[PDB]
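Just below is one structure, and these are the notes that go with it.
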Amino acid sequence: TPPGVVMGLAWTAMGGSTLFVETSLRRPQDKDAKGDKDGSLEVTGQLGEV
Amino acid sequence: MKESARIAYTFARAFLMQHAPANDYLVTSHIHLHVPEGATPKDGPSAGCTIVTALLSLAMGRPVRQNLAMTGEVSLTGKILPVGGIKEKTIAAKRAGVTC
(Lines give C-alpha, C1' and ligand atoms only; values in the text may rest on other atoms or scores of the structure.)
Protein backbone atom coordinates (compact mmCIF):
# COMPACT_ATOMS: atom_id res chain seq x y z
CA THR A 1 0.00 0.00 0.00
CA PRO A 2 2.21 2.89 -1.20
CA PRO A 3 0.74 6.14 0.10
CA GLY A 4 -2.60 7.05 -1.32
CA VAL A 5 -3.83 3.42 -1.49
CA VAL A 6 -4.95 1.11 1.28
CA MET A 7 -6.96 -2.05 1.71
CA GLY A 8 -10.44 -1.48 3.03
CA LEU A 9 -12.98 -4.04 4.06
CA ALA A 10 -16.34 -3.95 2.35
CA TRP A 11 -19.49 -5.87 3.19
CA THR A 12 -20.48 -6.68 -0.35
CA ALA A 13 -23.95 -8.04 -1.12
CA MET A 14 -22.64 -11.55 -0.32
CA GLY A 15 -19.70 -11.94 2.00
CA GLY A 16 -17.01 -9.29 2.08
CA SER A 17 -14.01 -8.25 0.03
CA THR A 18 -10.78 -6.33 0.57
CA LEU A 19 -11.47 -3.48 -1.80
CA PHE A 20 -8.38 -1.27 -2.16
CA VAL A 21 -9.33 2.37 -1.88
CA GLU A 22 -7.14 4.42 -4.24
CA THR A 23 -6.34 8.10 -3.89
CA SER A 24 -4.05 10.34 -5.84
CA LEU A 25 -3.50 13.92 -6.86
CA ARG A 26 -5.19 14.26 -10.25
CA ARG A 27 -4.12 17.65 -11.57
CA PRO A 28 -1.11 19.56 -10.22
CA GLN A 29 -1.61 21.55 -7.05
CA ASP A 30 0.37 24.49 -8.36
CA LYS A 31 -2.27 26.19 -10.48
CA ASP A 32 -0.78 29.28 -8.82
CA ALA A 33 1.58 29.70 -5.90
CA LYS A 34 -0.57 32.61 -4.74
CA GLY A 35 -3.82 30.83 -5.76
CA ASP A 36 -6.30 30.25 -2.91
CA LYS A 37 -8.36 27.71 -4.88
CA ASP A 38 -9.73 24.64 -3.10
CA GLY A 39 -8.83 21.12 -4.13
CA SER A 40 -12.20 20.14 -5.61
CA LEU A 41 -12.57 16.40 -5.88
CA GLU A 42 -13.88 14.50 -8.89
CA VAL A 43 -15.21 11.29 -7.45
CA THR A 44 -15.59 8.12 -9.45
CA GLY A 45 -16.80 4.63 -8.76
CA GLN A 46 -20.57 5.06 -9.43
CA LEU A 47 -21.03 8.04 -7.13
CA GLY A 48 -24.33 8.44 -5.24
CA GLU A 49 -25.73 11.87 -4.35
CA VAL A 50 -25.58 11.13 -0.64
CA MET B 1 -11.28 16.41 -20.39
CA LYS B 2 -10.55 19.50 -18.37
CA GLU B 3 -8.56 17.25 -16.06
CA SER B 4 -6.67 15.67 -18.94
CA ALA B 5 -6.24 19.09 -20.54
CA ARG B 6 -4.64 20.97 -17.65
CA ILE B 7 -2.76 17.87 -16.41
CA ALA B 8 -1.26 17.75 -19.93
CA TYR B 9 -0.57 21.50 -19.93
CA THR B 10 1.45 21.14 -16.74
CA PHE B 11 3.33 18.03 -17.75
CA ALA B 12 4.09 19.62 -21.11
CA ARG B 13 5.54 22.58 -19.23
CA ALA B 14 7.47 20.12 -17.06
CA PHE B 15 8.71 18.14 -20.06
CA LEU B 16 9.91 21.25 -21.82
CA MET B 17 11.88 22.53 -18.87
CA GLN B 18 13.14 18.95 -18.34
CA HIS B 19 14.38 18.51 -21.94
CA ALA B 20 15.14 21.88 -23.58
CA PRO B 21 15.67 24.35 -20.70
CA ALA B 22 16.60 27.25 -22.99
CA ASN B 23 13.11 27.13 -24.50
CA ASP B 24 10.30 28.89 -22.61
CA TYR B 25 7.28 28.15 -24.83
CA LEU B 26 4.94 26.09 -22.64
CA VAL B 27 5.98 27.90 -19.46
CA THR B 28 5.02 31.29 -21.07
CA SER B 29 2.95 31.50 -24.27
CA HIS B 30 -0.83 31.82 -24.59
CA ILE B 31 -2.43 29.06 -26.61
CA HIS B 32 -6.03 28.60 -27.63
CA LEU B 33 -6.80 24.90 -28.25
CA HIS B 34 -9.68 22.86 -29.67
CA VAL B 35 -10.44 19.12 -29.61
CA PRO B 36 -13.15 17.65 -31.92
CA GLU B 37 -16.21 16.25 -30.19
CA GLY B 38 -17.70 12.80 -30.74
CA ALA B 39 -15.85 10.25 -28.63
CA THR B 40 -17.31 8.80 -25.43
CA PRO B 41 -15.97 10.64 -22.33
CA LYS B 42 -14.63 7.43 -20.78
CA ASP B 43 -12.13 6.99 -23.65
CA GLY B 44 -11.36 10.69 -23.83
CA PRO B 45 -8.34 10.35 -21.48
CA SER B 46 -6.97 8.05 -24.16
CA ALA B 47 -6.74 11.18 -26.33
CA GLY B 48 -4.63 13.08 -23.77
CA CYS B 49 -1.33 11.79 -25.06
CA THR B 50 -2.46 13.07 -28.47
CA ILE B 51 -3.14 16.40 -26.77
CA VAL B 52 0.45 16.58 -25.53
CA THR B 53 1.70 15.46 -28.95
CA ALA B 54 -0.12 18.45 -30.42
CA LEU B 55 0.98 20.95 -27.81
CA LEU B 56 4.64 19.96 -27.94
CA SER B 57 4.43 19.74 -31.75
CA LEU B 58 3.37 23.36 -31.92
CA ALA B 59 5.84 24.20 -29.15
CA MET B 60 8.88 23.11 -31.07
CA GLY B 61 7.01 23.83 -34.30
CA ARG B 62 8.17 20.46 -35.67
CA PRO B 63 5.49 18.66 -37.77
CA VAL B 64 4.43 15.31 -36.37
CA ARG B 65 5.81 12.27 -38.25
CA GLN B 66 3.37 11.29 -40.96
CA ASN B 67 0.96 8.33 -40.90
CA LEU B 68 0.80 7.57 -37.19
CA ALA B 69 -1.66 8.03 -34.39
CA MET B 70 -1.42 7.39 -30.66
CA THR B 71 -3.84 7.23 -27.78
CA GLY B 72 -3.39 7.06 -23.98
CA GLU B 73 -4.07 8.63 -20.55
CA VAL B 74 -1.49 10.72 -18.69
CA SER B 75 -0.98 11.40 -14.97
CA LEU B 76 1.35 14.45 -15.11
CA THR B 77 4.34 12.05 -15.43
CA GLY B 78 3.97 10.53 -18.93
CA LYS B 79 2.98 6.99 -17.91
CA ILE B 80 0.13 5.37 -19.89
CA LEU B 81 -2.80 3.29 -18.50
CA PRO B 82 -5.17 0.80 -20.25
CA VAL B 83 -8.07 1.94 -22.43
CA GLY B 84 -10.98 -0.25 -23.62
CA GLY B 85 -12.86 -0.99 -26.83
CA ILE B 86 -9.72 -1.78 -28.82
CA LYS B 87 -11.40 -4.25 -31.25
CA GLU B 88 -13.56 -1.50 -32.77
CA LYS B 89 -10.79 1.12 -32.66
CA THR B 90 -8.32 -1.01 -34.62
CA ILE B 91 -10.77 -1.88 -37.40
CA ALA B 92 -12.01 1.69 -37.88
CA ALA B 93 -8.39 2.91 -37.80
CA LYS B 94 -7.36 0.35 -40.41
CA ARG B 95 -10.11 1.44 -42.78
CA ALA B 96 -8.34 4.82 -43.12
CA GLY B 97 -5.00 3.05 -43.75
CA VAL B 98 -3.16 4.38 -40.67
CA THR B 99 -0.25 2.01 -40.01
CA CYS B 100 1.50 3.32 -36.85
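By convention here, the chains of the C-alpha coordinates are called A, B, ... in the order presented, each chain's residues are numbered starting at 1, and ligands are numbered starting at 1 in the order presented.
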
Excluding same-chain residues fewer than 3 positions from stretch 37-52 of chain B, what lies within 8 Å of it counting only C-alpha atoms, as a short mmCIF file (atom, residue, chain, number, x, y, z; two decimals) with N, CA, C and O atoms, in the first residue's frame?
data_model
loop_
_atom_site.label_atom_id
_atom_site.label_comp_id
_atom_site.auth_asym_id
_atom_site.auth_seq_id
_atom_site.Cartn_x
_atom_site.Cartn_y
_atom_site.Cartn_z
N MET B 1 -12.18 15.78 -19.44
CA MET B 1 -11.28 16.41 -20.39
C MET B 1 -10.64 17.67 -19.88
O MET B 1 -9.54 18.00 -20.30
N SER B 4 -7.72 16.06 -18.01
CA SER B 4 -6.67 15.67 -18.94
C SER B 4 -6.02 16.88 -19.62
O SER B 4 -4.81 16.88 -19.86
N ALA B 5 -6.78 17.95 -19.83
CA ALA B 5 -6.24 19.09 -20.54
C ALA B 5 -5.22 19.86 -19.71
O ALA B 5 -4.08 20.07 -20.15
N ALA B 8 -2.14 17.80 -18.77
CA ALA B 8 -1.26 17.75 -19.93
C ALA B 8 -0.53 19.07 -20.12
O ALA B 8 0.65 19.08 -20.50
N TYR B 9 -1.21 20.19 -19.89
CA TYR B 9 -0.57 21.50 -19.93
C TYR B 9 0.60 21.58 -18.96
O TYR B 9 1.71 21.98 -19.33
N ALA B 12 3.39 19.14 -19.93
CA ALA B 12 4.09 19.62 -21.11
C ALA B 12 5.06 20.71 -20.71
O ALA B 12 6.19 20.76 -21.21
N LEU B 55 0.47 19.76 -28.47
CA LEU B 55 0.98 20.95 -27.81
C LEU B 55 2.48 21.05 -28.01
O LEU B 55 2.99 22.09 -28.44
N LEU B 56 3.21 19.97 -27.71
CA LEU B 56 4.64 19.96 -27.94
C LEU B 56 4.99 20.14 -29.42
O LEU B 56 6.01 20.76 -29.75
N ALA B 69 -0.69 7.52 -35.33
CA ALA B 69 -1.66 8.03 -34.39
C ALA B 69 -1.44 7.29 -33.09
O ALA B 69 -0.97 6.15 -33.09
N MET B 70 -1.65 7.98 -31.97
CA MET B 70 -1.42 7.39 -30.66
C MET B 70 -2.55 7.79 -29.74
O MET B 70 -3.19 8.83 -29.93
N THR B 71 -2.80 6.93 -28.75
CA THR B 71 -3.84 7.23 -27.78
C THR B 71 -3.41 6.67 -26.42
O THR B 71 -2.84 5.58 -26.34
N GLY B 72 -3.69 7.43 -25.35
CA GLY B 72 -3.39 7.06 -23.98
C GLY B 72 -3.58 8.15 -22.93
O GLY B 72 -3.41 9.34 -23.22
N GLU B 73 -3.96 7.75 -21.71
CA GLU B 73 -4.07 8.63 -20.55
C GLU B 73 -2.71 9.03 -19.99
O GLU B 73 -1.71 8.34 -20.16
N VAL B 74 -2.69 10.20 -19.33
CA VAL B 74 -1.49 10.72 -18.69
C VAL B 74 -1.85 11.26 -17.31
O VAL B 74 -2.95 11.78 -17.08
N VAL B 83 -6.84 1.38 -21.90
CA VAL B 83 -8.07 1.94 -22.43
C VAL B 83 -8.81 0.83 -23.18
O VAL B 83 -8.18 0.01 -23.87
N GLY B 84 -10.14 0.80 -23.04
CA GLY B 84 -10.98 -0.25 -23.62
C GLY B 84 -11.45 -0.02 -25.05
O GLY B 84 -11.18 0.98 -25.70
#

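The list of chain B residues within 8 Å of chain A is residues 3, 6, 7, 10, 75 and 76 of chain B; this uses only C-alpha atoms.
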
(request) Could you please determine the separation between atom CA of residue B:16 and atom CA of residue B:79 in Å, to one decimal place? (result)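 Value for the atom CA of residue B:16-atom CA of residue B:79 distance: 16.3 Å.
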
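Counting from atom CA of residue B:60, the distance to atom CA of residue B:94 is 29.5 Å.
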
(message) I want to know what sits within 8 Å of stretch 5-10 of chain A, based on only C-alpha atoms, with residues of the same chain fewer than 4 positions away left out; could you give that as a ChimeraX atom specification?
(response) /A:1,16-23

(request) Check the DSSP output for the backbone and give back, as a PyMOL selection string, the residues of chain B in alpha helix (DSSP H). (result) chain B and resi 2-19+48-60+86-95

(message) Report, in Å with one decimal, the straight-line distance from atom CA of residue B:26 to atom CA of residue B:66.
(response)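 These atoms are spaced 23.6 Å apart.
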
(message) Which of chain A end up as strand (DSSP E) when DSSP is run on this backbone - answer as a PyMOL selection string?
(response) chain A and resi 5-10+17-22
